[PDB]
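> My structure file input05.cif, mmCIF, C-alpha atoms and all ligand atoms, is below:
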```cif
data_input
loop_
_atom_site.label_atom_id
_atom_site.label_comp_id
_atom_site.auth_asym_id
_atom_site.auth_seq_id
_atom_site.Cartn_x
_atom_site.Cartn_y
_atom_site.Cartn_z
CA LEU S 22 14.09 14.55 5.61
CA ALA S 23 16.24 11.94 7.35
CA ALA S 24 17.35 8.94 5.31
CA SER S 25 15.92 6.40 7.76
CA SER S 26 12.63 8.32 7.39
CA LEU S 27 12.57 8.53 3.58
CA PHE S 28 14.10 5.09 2.97
CA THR S 29 11.47 2.88 4.58
CA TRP S 30 9.33 0.06 3.22
CA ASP S 31 6.12 2.14 3.18
CA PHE S 32 7.26 4.45 0.37
CA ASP S 33 4.80 4.92 -2.49
CA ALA S 34 5.49 7.27 -5.40
CA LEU S 35 1.73 7.54 -6.01
CA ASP S 36 1.44 10.25 -3.33
CA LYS S 37 4.35 12.37 -4.58
CA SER S 38 4.73 15.18 -7.10
CA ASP S 39 7.16 15.16 -10.02
CA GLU S 40 9.39 17.61 -8.14
CA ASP S 41 9.59 15.39 -5.05
CA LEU S 42 10.19 12.30 -7.20
CA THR S 43 13.21 13.91 -8.85
CA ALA S 44 14.44 14.74 -5.34
CA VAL S 45 13.98 11.14 -4.14
CA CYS S 46 16.01 9.85 -7.09
CA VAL S 47 18.82 12.30 -6.30
CA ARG S 48 18.88 11.29 -2.62
CA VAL S 49 19.34 7.67 -3.73
CA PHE S 50 22.44 8.69 -5.68
CA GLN S 51 23.65 10.79 -2.73
CA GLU S 52 23.30 8.06 -0.10
CA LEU S 53 25.11 5.43 -2.19
CA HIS S 54 28.07 7.80 -2.83
CA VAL S 55 28.15 6.96 -6.55
CA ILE S 56 28.26 10.69 -7.36
CA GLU S 57 31.61 11.37 -5.70
CA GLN S 58 32.88 7.90 -6.68
CA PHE S 59 32.57 8.57 -10.42
CA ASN S 60 32.56 12.40 -10.29
CA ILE S 61 29.02 12.55 -11.67
CA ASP S 62 28.10 15.97 -13.04
CA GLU S 63 24.92 16.96 -11.22
CA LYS S 64 23.78 18.91 -14.27
CA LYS S 65 23.99 15.73 -16.35
CA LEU S 66 22.36 13.68 -13.58
CA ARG S 67 19.46 16.14 -13.46
CA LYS S 68 19.14 16.15 -17.25
CA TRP S 69 19.26 12.34 -17.38
CA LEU S 70 16.59 12.05 -14.67
CA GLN S 71 14.48 14.45 -16.74
CA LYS S 72 14.86 12.64 -20.06
CA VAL S 73 14.14 9.27 -18.42
CA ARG S 74 10.93 10.61 -16.87
CA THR S 75 9.67 12.17 -20.11
CA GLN S 76 10.56 8.98 -22.02
CA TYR S 77 8.02 7.14 -19.86
CA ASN S 78 4.43 7.29 -21.08
CA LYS S 79 1.29 8.07 -19.08
CA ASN S 80 0.01 4.55 -18.38
CA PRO S 81 -1.92 3.48 -15.27
CA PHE S 82 0.89 1.17 -14.07
CA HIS S 83 4.01 1.24 -16.29
CA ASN S 84 4.72 4.93 -15.70
CA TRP S 85 7.52 7.04 -14.22
CA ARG S 86 6.17 6.46 -10.72
CA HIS S 87 6.57 2.70 -11.20
CA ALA S 88 10.20 3.30 -12.20
CA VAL S 89 10.83 5.37 -9.07
CA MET S 90 9.15 2.65 -7.00
CA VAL S 91 11.53 0.10 -8.52
CA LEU S 92 14.57 2.32 -7.89
CA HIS S 93 13.56 3.07 -4.30
CA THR S 94 12.85 -0.61 -3.63
CA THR S 95 16.12 -1.60 -5.31
CA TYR S 96 17.86 0.87 -2.98
CA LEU S 97 16.31 -0.89 0.02
CA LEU S 98 17.14 -4.38 -1.26
CA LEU S 99 20.78 -3.57 -2.06
CA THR S 100 21.23 -1.59 1.16
CA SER S 101 19.85 -4.47 3.22
CA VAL S 102 21.52 -7.43 1.51
CA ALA S 103 24.23 -6.58 -1.03
CA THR S 104 26.43 -3.93 0.64
CA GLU S 105 29.24 -6.46 1.21
CA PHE S 106 29.72 -7.87 -2.29
CA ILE S 107 28.32 -5.42 -4.86
CA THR S 108 30.93 -3.24 -6.53
CA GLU S 109 30.76 0.53 -6.93
CA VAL S 110 30.17 0.12 -10.67
CA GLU S 111 27.38 -2.43 -10.21
CA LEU S 112 25.74 -0.16 -7.63
CA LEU S 113 25.51 2.68 -10.16
CA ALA S 114 24.39 0.20 -12.82
CA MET S 115 21.46 -0.96 -10.67
CA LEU S 116 20.34 2.65 -10.24
CA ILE S 117 20.28 3.21 -14.01
CA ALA S 118 18.67 -0.18 -14.63
CA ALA S 119 15.85 0.29 -12.13
CA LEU S 120 14.93 3.74 -13.43
CA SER S 121 15.16 2.69 -17.10
CA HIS S 122 13.76 -0.86 -16.95
CA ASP S 123 10.32 0.02 -18.42
CA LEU S 124 11.19 2.92 -20.73
CA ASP S 125 8.54 3.70 -23.38
CA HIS S 126 6.18 1.03 -22.02
CA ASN S 127 2.69 1.43 -23.52
CA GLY S 128 0.65 -0.79 -21.19
CA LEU S 129 0.85 -3.74 -23.59
CA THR S 130 2.49 -7.10 -22.92
CA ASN S 131 5.05 -9.00 -24.99
CA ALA S 132 2.24 -11.32 -26.09
CA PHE S 133 0.49 -8.34 -27.69
CA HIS S 134 3.60 -7.49 -29.71
CA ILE S 135 4.12 -11.12 -30.74
CA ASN S 136 0.47 -11.72 -31.65
CA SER S 137 0.09 -8.39 -33.49
CA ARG S 138 3.35 -8.98 -35.42
CA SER S 139 4.48 -5.55 -34.28
CA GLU S 140 7.58 -3.72 -35.49
CA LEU S 141 9.26 -4.36 -32.13
CA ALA S 142 8.44 -8.08 -32.36
CA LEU S 143 9.94 -8.22 -35.86
CA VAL S 144 13.13 -6.41 -34.84
CA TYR S 145 13.67 -8.57 -31.75
CA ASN S 146 12.47 -11.92 -33.19
CA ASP S 147 9.81 -12.24 -30.46
CA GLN S 148 12.56 -12.53 -27.79
CA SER S 149 11.94 -10.38 -24.68
CA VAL S 150 10.51 -7.71 -26.96
CA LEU S 151 9.60 -5.04 -24.40
CA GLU S 152 12.70 -5.59 -22.27
CA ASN S 153 15.04 -5.39 -25.25
CA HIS S 154 13.34 -2.12 -26.19
CA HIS S 155 13.69 -0.73 -22.65
CA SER S 156 17.38 -1.62 -22.43
CA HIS S 157 18.17 -0.26 -25.90
CA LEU S 158 16.48 3.04 -25.04
CA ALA S 159 18.26 3.10 -21.67
CA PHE S 160 21.62 3.43 -23.41
CA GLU S 161 20.34 5.82 -26.08
CA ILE S 162 19.44 8.22 -23.25
CA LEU S 163 22.50 7.45 -21.12
CA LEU S 164 24.91 8.02 -24.02
CA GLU S 165 23.59 11.41 -25.07
CA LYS S 166 26.40 13.83 -24.25
CA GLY S 167 24.29 16.03 -21.96
CA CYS S 168 23.00 12.99 -20.03
CA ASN S 169 26.16 10.87 -19.74
CA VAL S 170 26.04 10.11 -16.02
CA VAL S 171 28.68 7.42 -16.62
CA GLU S 172 31.07 9.57 -18.66
CA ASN S 173 33.96 9.16 -16.18
CA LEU S 174 33.98 5.34 -15.99
CA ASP S 175 36.96 3.76 -17.71
CA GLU S 176 36.70 1.11 -20.43
CA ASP S 177 36.38 -1.97 -18.20
CA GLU S 178 33.98 -0.28 -15.77
CA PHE S 179 31.54 0.69 -18.53
CA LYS S 180 31.68 -2.83 -19.96
CA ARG S 181 30.68 -4.21 -16.56
CA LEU S 182 28.07 -1.49 -16.01
CA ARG S 183 26.52 -2.13 -19.42
CA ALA S 184 26.48 -5.91 -18.96
CA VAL S 185 24.77 -5.45 -15.57
CA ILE S 186 22.15 -3.03 -16.94
CA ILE S 187 21.36 -5.33 -19.87
CA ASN S 188 21.16 -8.53 -17.83
CA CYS S 189 19.01 -7.00 -15.09
CA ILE S 190 16.54 -5.32 -17.45
CA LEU S 191 16.25 -8.43 -19.63
CA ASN S 192 15.55 -10.51 -16.52
CA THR S 193 12.50 -8.42 -15.65
CA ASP S 194 10.71 -10.39 -18.38
CA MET S 195 8.29 -12.73 -16.61
CA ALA S 196 9.11 -15.42 -19.18
CA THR S 197 12.47 -15.87 -17.40
CA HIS S 198 10.97 -15.88 -13.88
CA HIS S 199 10.93 -19.66 -13.44
CA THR S 200 14.45 -19.88 -14.88
CA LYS S 201 15.68 -17.71 -12.00
CA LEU S 202 13.45 -19.51 -9.49
CA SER S 203 14.97 -22.90 -10.37
CA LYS S 204 18.53 -21.57 -10.10
CA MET S 205 17.56 -20.06 -6.74
CA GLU S 206 16.29 -23.41 -5.45
CA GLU S 207 19.56 -25.09 -6.44
CA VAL S 208 21.56 -22.37 -4.67
CA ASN S 209 19.60 -22.85 -1.44
CA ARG S 210 20.06 -26.63 -1.70
CA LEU S 211 23.86 -26.41 -1.33
CA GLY S 212 23.81 -23.83 1.46
CA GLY S 213 23.33 -20.55 -0.41
CA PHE S 214 25.62 -18.01 -2.02
CA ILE S 215 29.32 -18.07 -1.12
CA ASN S 216 32.16 -15.73 -2.13
CA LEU S 217 29.92 -13.45 -4.18
CA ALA S 218 32.68 -10.84 -4.52
CA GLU S 219 34.85 -13.44 -6.32
CA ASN S 220 32.14 -14.70 -8.71
CA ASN S 221 31.17 -12.03 -11.24
CA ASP S 222 28.66 -14.33 -12.96
CA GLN S 223 26.73 -15.42 -9.86
CA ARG S 224 26.86 -11.91 -8.38
CA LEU S 225 25.32 -10.57 -11.59
CA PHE S 226 22.66 -13.27 -11.21
CA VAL S 227 21.97 -11.98 -7.69
CA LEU S 228 21.56 -8.45 -9.04
CA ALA S 229 19.09 -9.64 -11.68
CA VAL S 230 17.23 -11.50 -8.92
CA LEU S 231 17.09 -8.32 -6.84
CA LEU S 232 15.92 -6.03 -9.65
CA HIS S 233 13.23 -8.57 -10.54
CA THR S 234 12.20 -8.62 -6.87
CA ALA S 235 11.99 -4.82 -6.78
CA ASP S 236 9.91 -4.84 -9.99
CA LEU S 237 7.26 -6.92 -8.17
CA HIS S 238 6.79 -4.30 -5.46
CA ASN S 239 2.99 -4.56 -5.17
CA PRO S 240 2.67 -7.49 -2.69
CA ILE S 241 5.60 -6.24 -0.58
CA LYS S 242 4.15 -2.78 0.20
CA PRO S 243 1.31 -1.80 2.58
CA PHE S 244 -2.01 -3.15 1.35
CA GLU S 245 -3.30 0.30 0.37
CA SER S 246 -0.34 0.60 -2.00
CA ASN S 247 -0.82 -3.01 -3.13
CA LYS S 248 -4.47 -2.35 -3.97
CA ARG S 249 -3.94 0.90 -5.90
CA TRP S 250 -1.07 -0.43 -8.03
CA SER S 251 -2.72 -3.79 -8.73
CA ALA S 252 -5.89 -1.99 -9.84
CA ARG S 253 -3.80 0.20 -12.16
CA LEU S 254 -2.26 -2.95 -13.64
CA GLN S 255 -5.73 -4.47 -14.02
CA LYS S 256 -6.79 -1.34 -15.92
CA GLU S 257 -3.89 -1.89 -18.33
CA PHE S 258 -4.99 -5.50 -18.83
CA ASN S 259 -8.58 -4.45 -19.55
CA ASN S 260 -7.30 -1.71 -21.86
CA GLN S 261 -5.26 -4.28 -23.80
CA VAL S 262 -8.31 -6.55 -24.02
CA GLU S 263 -10.26 -3.70 -25.64
CA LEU S 264 -7.46 -2.97 -28.11
CA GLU S 265 -7.01 -6.66 -28.95
CA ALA S 266 -10.73 -6.84 -29.74
CA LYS S 267 -10.62 -3.84 -32.09
CA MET S 268 -7.66 -5.51 -33.83
CA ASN S 269 -9.39 -8.94 -33.75
CA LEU S 270 -6.49 -10.50 -31.83
CA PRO S 271 -6.75 -13.20 -29.14
CA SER S 272 -7.00 -12.06 -25.52
CA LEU S 273 -5.90 -13.90 -22.39
CA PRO S 274 -8.80 -14.67 -20.03
CA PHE S 275 -7.35 -13.23 -16.81
CA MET S 276 -7.04 -9.79 -18.42
CA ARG S 277 -10.81 -9.48 -18.96
CA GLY S 278 -11.82 -9.27 -15.29
CA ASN S 279 -12.50 -5.64 -14.41
CA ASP S 280 -14.11 -5.50 -10.93
CA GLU S 281 -12.94 -5.76 -7.33
CA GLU S 282 -13.76 -9.47 -7.05
CA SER S 283 -11.68 -10.47 -10.08
CA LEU S 284 -8.92 -8.12 -8.91
CA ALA S 285 -8.72 -9.94 -5.57
CA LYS S 286 -9.05 -13.33 -7.28
CA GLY S 287 -6.14 -12.51 -9.58
CA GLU S 288 -3.81 -11.08 -6.95
CA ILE S 289 -4.33 -14.11 -4.69
CA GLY S 290 -3.24 -16.26 -7.63
CA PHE S 291 -0.29 -13.97 -8.37
CA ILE S 292 0.89 -14.05 -4.75
CA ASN S 293 0.45 -17.79 -4.20
CA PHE S 294 2.02 -18.88 -7.50
CA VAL S 295 4.62 -16.18 -8.27
CA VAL S 296 5.53 -13.76 -5.48
CA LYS S 297 5.29 -15.88 -2.33
CA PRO S 298 7.25 -18.93 -3.62
CA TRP S 299 9.83 -16.49 -5.00
CA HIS S 300 10.33 -14.67 -1.70
CA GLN S 301 10.47 -18.00 0.13
CA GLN S 302 13.58 -18.84 -1.90
CA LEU S 303 14.91 -15.27 -1.63
CA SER S 304 14.49 -15.32 2.17
CA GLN S 305 16.49 -18.54 2.49
CA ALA S 306 19.41 -17.13 0.50
CA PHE S 307 19.05 -13.76 2.27
CA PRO S 308 17.56 -14.16 5.77
CA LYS S 309 17.56 -10.39 6.28
CA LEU S 310 14.66 -10.21 3.78
CA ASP S 311 12.27 -12.67 5.46
CA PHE S 312 10.30 -9.78 6.99
CA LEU S 313 8.83 -9.37 3.49
CA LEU S 314 7.13 -12.76 3.92
CA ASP S 315 5.10 -11.14 6.71
CA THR S 316 4.11 -8.26 4.43
CA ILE S 317 3.16 -10.77 1.72
CA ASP S 318 1.11 -12.80 4.20
CA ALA S 319 -0.61 -9.67 5.54
CA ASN S 320 -1.63 -8.56 2.04
CA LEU S 321 -2.62 -12.13 1.15
CA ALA S 322 -5.00 -12.29 4.11
CA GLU S 323 -6.37 -8.87 3.15
CA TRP S 324 -7.01 -10.06 -0.42
CA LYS S 325 -8.54 -13.33 0.80
CA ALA S 326 -10.95 -11.35 3.00
CA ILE S 327 -12.21 -9.39 -0.01
CA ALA S 328 -12.65 -12.53 -2.13
CA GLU S 329 -14.45 -14.04 0.88
CA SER S 330 -17.06 -11.26 1.11
CA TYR S 331 -17.80 -11.97 -2.57
CA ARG S 332 -18.17 -15.71 -1.99
CA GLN S 333 -20.62 -14.89 0.81
CA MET S 334 -22.73 -12.43 -1.21
CA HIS S 335 -23.27 -14.99 -3.98
MG MG K 401 8.70 -4.54 -17.59
ZN ZN K 402 8.50 -2.89 -14.27
#
```
As a first step, turn the structure in this file into structure tokens.
Ligand SMILES: [Mg+2]
Ligand SMILES: [Zn+2]

Amino acid sequence: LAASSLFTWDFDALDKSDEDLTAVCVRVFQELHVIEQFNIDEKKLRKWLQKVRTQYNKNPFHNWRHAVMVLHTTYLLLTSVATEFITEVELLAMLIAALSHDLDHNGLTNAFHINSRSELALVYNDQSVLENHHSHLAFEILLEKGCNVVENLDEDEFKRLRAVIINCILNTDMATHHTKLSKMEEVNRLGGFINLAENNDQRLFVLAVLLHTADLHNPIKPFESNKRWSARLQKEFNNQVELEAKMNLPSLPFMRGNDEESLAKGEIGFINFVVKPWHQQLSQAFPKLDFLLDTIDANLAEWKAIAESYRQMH
């Protein structure tokens, strides 16, 4: 399949088999030339892709297909916006970070770990509990001898690659969303990003911004994809509500809704207060991405129509 046919904005891993998903991940490494750049052993790349997939759990949303969605979307974002400042090391780092960013997720939020006083919350002092666990596991898999995709990087390259993987995964925590939004507003106020290839700190910030954008792939896909994934996330929220009840823990109110009306109500709130203001800042810094505002508006209108037919049939 041609690259411009596989690498489009309508891709959804939901409709693919495990065999095809492994193939899609390989193609992403092929097209970005990171294999020949760092002499990646394809036996270790295939073993790493296998251990990452099996290290994901079978949740409705936070599963291996979500990780492939994030990688594929990250491929599109970097290809469209970052090809003229991202380094070869950072490009490989973003591939490992996208695929590993939700390793061992169990469908439970950080708040669950903090409220339940879980082992993970104790180890990580309630700070970005899930994301710290994902990143830690990412290197435990990556640094097994038979999976060392980055075995040929020298000392300084691996230090940069590791710092990029850590920072990007940690910044998928929604608790740092508004931190990155405020920095993004300040960047757009003085004209946008300049000399990104000279500024390793701000370029790393851009990468974190892009991985976070790719993580929120539901409102920027066709509405059929948006609906299926959002409903799978809603199932995780309702599942956590049930578990929190059995444990006699407090539950957040928006996780209790379990029908189509409350699903549309919630996604309209998520788009209007998280995704759309985010992509309005992203589009200013990167005008090549403002076509996603049209996808977000299209899905928003489609969600508003559903919530309208429920207002009517009172
Ligand atoms: Mg996550
Ligand atoms: Zn994620």
> Return as a list in words the residues of protein, DNA or RNA that approach ligand MG 401 (chain K) to within 9 Å, with all atoms listed in the file taken into account.
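These are the residues that qualify: residues 83, 122, 123, 124, 126, 130, 151, 152, 155, 190, 191, 193, 194, 195 and 236 of chain S.
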> Given all atoms listed in the file as the basis, pick out the residue of S:170, S:89, S:215, S:205 nearest to residue 64 of chain S.
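For residue 64 of chain S, the nearest of the candidates is S:170.
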> Can you tell me which residues surround residue 133 of chain S at a distance of at most 9 Å, considering all atoms listed in the file, apart from same-chain residues fewer than 4 positions away, and format the answer as a PDB file with C-alpha atoms, in the coordinates of the input?

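To be explicit, this is the file written out as around.pdb:
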```
ATOM      1  CA  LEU S 129       0.850  -3.740 -23.590  1.00  0.00           C
ATOM      2  CA  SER S 137       0.090  -8.390 -33.490  1.00  0.00           C
ATOM      3  CA  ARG S 138       3.350  -8.980 -35.420  1.00  0.00           C
ATOM      4  CA  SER S 139       4.480  -5.550 -34.280  1.00  0.00           C
ATOM      5  CA  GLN S 261      -5.260  -4.280 -23.800  1.00  0.00           C
ATOM      6  CA  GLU S 265      -7.010  -6.660 -28.950  1.00  0.00           C
ATOM      7  CA  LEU S 270      -6.490 -10.500 -31.830  1.00  0.00           C
ATOM      8  CA  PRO S 271      -6.750 -13.200 -29.140  1.00  0.00           C
ATOM      9  CA  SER S 272      -7.000 -12.060 -25.520  1.00  0.00           C
TER      10      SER S 272
END
```
> Could you please determine the separation between atom CA of residue 292 of chain S and atom CA of residue 240 of chain S in Å, to one decimal place?
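Answer for the atom CA of residue 292 of chain S to atom CA of residue 240 of chain S separation: 7.1 Å.
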> Would you mind telling me which residue in S:105, S:57, S:280, S:177 lies nearest to residue 217 of chain S when using all atoms listed in the file?
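Looking at the shortest contact to residue 217 of chain S, the residue is S:105.
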> Find the residues around residue 214 of chain S up to 12 Å (all atoms listed in the file counted), leave out those fewer than 2 positions away in its own chain, and share them as a list in words.
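Counting all atoms listed in the file, the residues come to residues 102, 103, 106, 204, 205, 206, 207, 208, 209, 210, 211, 212, 216, 217, 218, 219, 220, 222, 223, 224, 226, 227, 303, 305, 306, 307 and 308 of chain S.
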> Pick from S:100, S:188, S:108, S:121: nearest to residue 58 of chain S, with all atoms listed in the file counted?
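Answer, going by the shortest atom-to-atom distance: S:108.
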> Can you work out which one of S:180, S:79, S:48, S:238 has the shortest atom-to-atom distance to ligand ZN 402 (chain K), counting all atoms listed in the file?
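Among S:180, S:79, S:48, S:238, it is S:238 that comes nearest to ligand ZN 402 (chain K).
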> Which residue is closest to residue 297 of chain S? Choose from S:41, S:33, S:318, S:282 and count all atoms listed in the file.
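Distance minimum relative to residue 297 of chain S lands on S:318.
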> Between atom CA of residue 320 of chain S and atom CA of residue 25 of chain S, what is the distance in Å, rounded to a tenth?
23.8 Å
> Could you jot down the atom CA of residue 143 of chain S to atom CA of residue 157 of chain S separation for me, Å, one decimal place?
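One can read the atom CA of residue 143 of chain S to atom CA of residue 157 of chain S distance as 15.2 Å.
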> With only C-alpha atoms and all ligand atoms as the basis for distance, which of S:169, S:43, S:304, S:94 is at the shortest distance from ligand ZN 402 (chain K)?
S:94
> Around the point (-4.2, -4.1, 4.5), in the coordinates given by the file, pick out the residues reaching within 9 Å, counting only C-alpha atoms, and return them as a VMD selection string.
chain S and resid 243 to 248 319 to 324
> Go ahead and write the residues just picked, C-alpha atoms, as a PDB file, keeping the file's coordinate frame.

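Result went into result34.pdb, see below:
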```
ATOM      1  CA  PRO S 243       1.310  -1.800   2.580  1.00  0.00           C
ATOM      2  CA  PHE S 244      -2.010  -3.150   1.350  1.00  0.00           C
ATOM      3  CA  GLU S 245      -3.300   0.300   0.370  1.00  0.00           C
ATOM      4  CA  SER S 246      -0.340   0.600  -2.000  1.00  0.00           C
ATOM      5  CA  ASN S 247      -0.820  -3.010  -3.130  1.00  0.00           C
ATOM      6  CA  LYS S 248      -4.470  -2.350  -3.970  1.00  0.00           C
ATOM      7  CA  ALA S 319      -0.610  -9.670   5.540  1.00  0.00           C
ATOM      8  CA  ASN S 320      -1.630  -8.560   2.040  1.00  0.00           C
ATOM      9  CA  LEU S 321      -2.620 -12.130   1.150  1.00  0.00           C
ATOM     10  CA  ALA S 322      -5.000 -12.290   4.110  1.00  0.00           C
ATOM     11  CA  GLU S 323      -6.370  -8.870   3.150  1.00  0.00           C
ATOM     12  CA  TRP S 324      -7.010 -10.060  -0.420  1.00  0.00           C
TER      13      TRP S 324
END
```
> Please provide as a PDB file with C-alpha atoms, in the frame of the given file all residues within 9 Å of residue 86 of chain S, with the sequence filter that same-chain residues fewer than 3 positions apart are discarded (counting all atoms listed in the file).

```pdb
ATOM      1  CA  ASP S  33       4.800   4.920  -2.490  1.00  0.00           C
ATOM      2  CA  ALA S  34       5.490   7.270  -5.400  1.00  0.00           C
ATOM      3  CA  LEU S  35       1.730   7.540  -6.010  1.00  0.00           C
ATOM      4  CA  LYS S  37       4.350  12.370  -4.580  1.00  0.00           C
ATOM      5  CA  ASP S  39       7.160  15.160 -10.020  1.00  0.00           C
ATOM      6  CA  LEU S  42      10.190  12.300  -7.200  1.00  0.00           C
ATOM      7  CA  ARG S  74      10.930  10.610 -16.870  1.00  0.00           C
ATOM      8  CA  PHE S  82       0.890   1.170 -14.070  1.00  0.00           C
ATOM      9  CA  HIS S  83       4.010   1.240 -16.290  1.00  0.00           C
ATOM     10  CA  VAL S  89      10.830   5.370  -9.070  1.00  0.00           C
ATOM     11  CA  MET S  90       9.150   2.650  -7.000  1.00  0.00           C
ATOM     12  CA  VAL S  91      11.530   0.100  -8.520  1.00  0.00           C
TER      13      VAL S  91
END
```
